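Asks: In the entry's author numbering, the protein residues as written are 6 to 64, 69 to 223.
The beta-carbon is built from N, C-alpha and C at its ideal position, and this holds for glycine as well.
Pasting the structure below:
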C-alpha cells in the first residue's frame, strides 16, 4: 500500500557519451497502476550535449500497469526497491551500458543512474542528432536465475523515414527476495513532449502496460 495511486520521483544521472561527460537531474510524476508518467530533466553539467537526447530517454519500471494475474515484480520490491543493468547495442556499433538503483524515500521514488555510451560513429545519427524519437516497443520479460530479464529490439525514427535499431538486454533485480512472474510483455510508448532549443531542458511522457504473451 506504499505505492500510492499517484507517485512522484526524483532522478540523478551521470554519463559519458563518446568521451563527453555530463550530469542530469530531474523529477517526474505519474500513476503507477494506470501505467503512465511524465518527467522533466535538465542538464546540470557538461551541456549542451553534443548527441541525440533519444539515447538517454529510455534511461521507471514502478509505473507499469500490470494485469491482476501477473505479479508486479517492480512494485513488490518496494520499499527496498530494485536495481537494473542494461546493454543497448546499436546496429552501427554504438554501445550504451547502464546501472541503476531505484528506491523509495519519503514517499517518493528515488532513481540513480550511471551510464556510458561508446563508439557512436561521428557521421551516425546519434552524433549527427538525426533521430526523431522511439517507436513503441515490446519488452519481453522472463525469469532467469532469480532475476527478471527483459529483451527489446528498439527502433529510433530517422528523419528520412528509416529506422535505427538497438538490441537491448536488461537484468532487473529486487533488493529483497520477491516472487517472480512468468514470462510476459511490457508494451511501452515514450515521447518527448517539449525541450528547449539545445535540449538542456526536456520533458518526456511514457505509458507502459504489462500483458501476456498469447
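1) Hey, which unbroken runs of the beta strand (DSSP E) at 3 residues or more fall wholly within the segment 146 to 193?
2) Please confirm if the segment 12 to 25 is in contact with the segment 47 to 60, defined as three or more CB-CB distances below 8 Å between the two stretches.
3) Quick one: residues in its chain with C-beta nearer than 6 Å to the C-beta of residue 161, no 5 flanking neighbours on either side, listed in chain order?
4) Given that a residue counts as buried once 16 or more other Cβ atoms are within 10 Å of its Cβ, and exposed if not, what is residue 207?
5) Using DSSP's beta-bridge definition, name the partner residues of residue 119.
6) Let me check understanding here. Comparing Cα to Cα, which of 63, 38, 217 and 44 lies closest to residue 124?
7) Between residue 157 and chain B, is the shortest Cβ-Cβ distance under 8 Å, so that the two count as touching?
8) Please give the ranges of any beta strand (DSSP E) in the segment 75 to 99, keeping only runs that are unbroken, at least 3 residues long and fully inside the region.
9) With the cut-off set at 8 Å, would you say residue 163 and residue 192 are in Cβ contact?
10) Taking C-beta to C-beta, are residue 179 and residue 93 nearer than 8 Å?
11) Report all residues from its chain with a CB closer than 8 Å to the CB of residue 85; omit the five preceding and five following residues, and keep chain order.
Replies: On the basis of the data shown:
1) For the segment 146 to 193, whole beta strand (DSSP E) runs of length 3 or above, ordered along the chain, are 146 to 153, 156 to 167 and 172 to 183.
2) Yes: at least three Cβ pairs fall under 8 Å.
3) Within the chain shown, residue 161 is the residue found at index 152, counting from 1. Excluding positions up to five away in sequence, the list reads 146, 148 and 177.
4) Taking the first residue of the chain shown as 1, we reach residue 207 at position 198. Its Cβ having fewer than 16 others within 10 Å, residue 207 is exposed.
5) Start at 1 with the first residue of the chain shown, and residue 119 comes out as number 110. Residue 119 is bridged to 15 and 112.
6) Along the chain shown, read from residue 1 onward, the residue named residue 124 stands at position 115. When only C-alpha atoms are compared, the closest one is 63.
7) The structure shown contains no chain B; it is built from a single protein chain.
8) Runs found: 91 to 99.
9) Working through the chain shown from its first residue, we reach residue 163 at position 154. Working through the chain shown from its first residue, we reach residue 192 at position 183. No, they are not a contact pair.
10) Working through the chain shown from its first residue, we reach residue 179 at position 170. Working through the chain shown from its first residue, we reach residue 93 at position 84. Their beta carbons are under 8 Å apart, which means residue 179 touches residue 93 by this criterion.
11) Here residue 85 refers to the residue found at position 76 of the chain shown. When the five nearest sequence neighbours on each side are left out, the beta carbons in the same chain lying within less than 8 Å of the beta carbon of residue 85 are those of 183, 187 and 188, in order along the chain.
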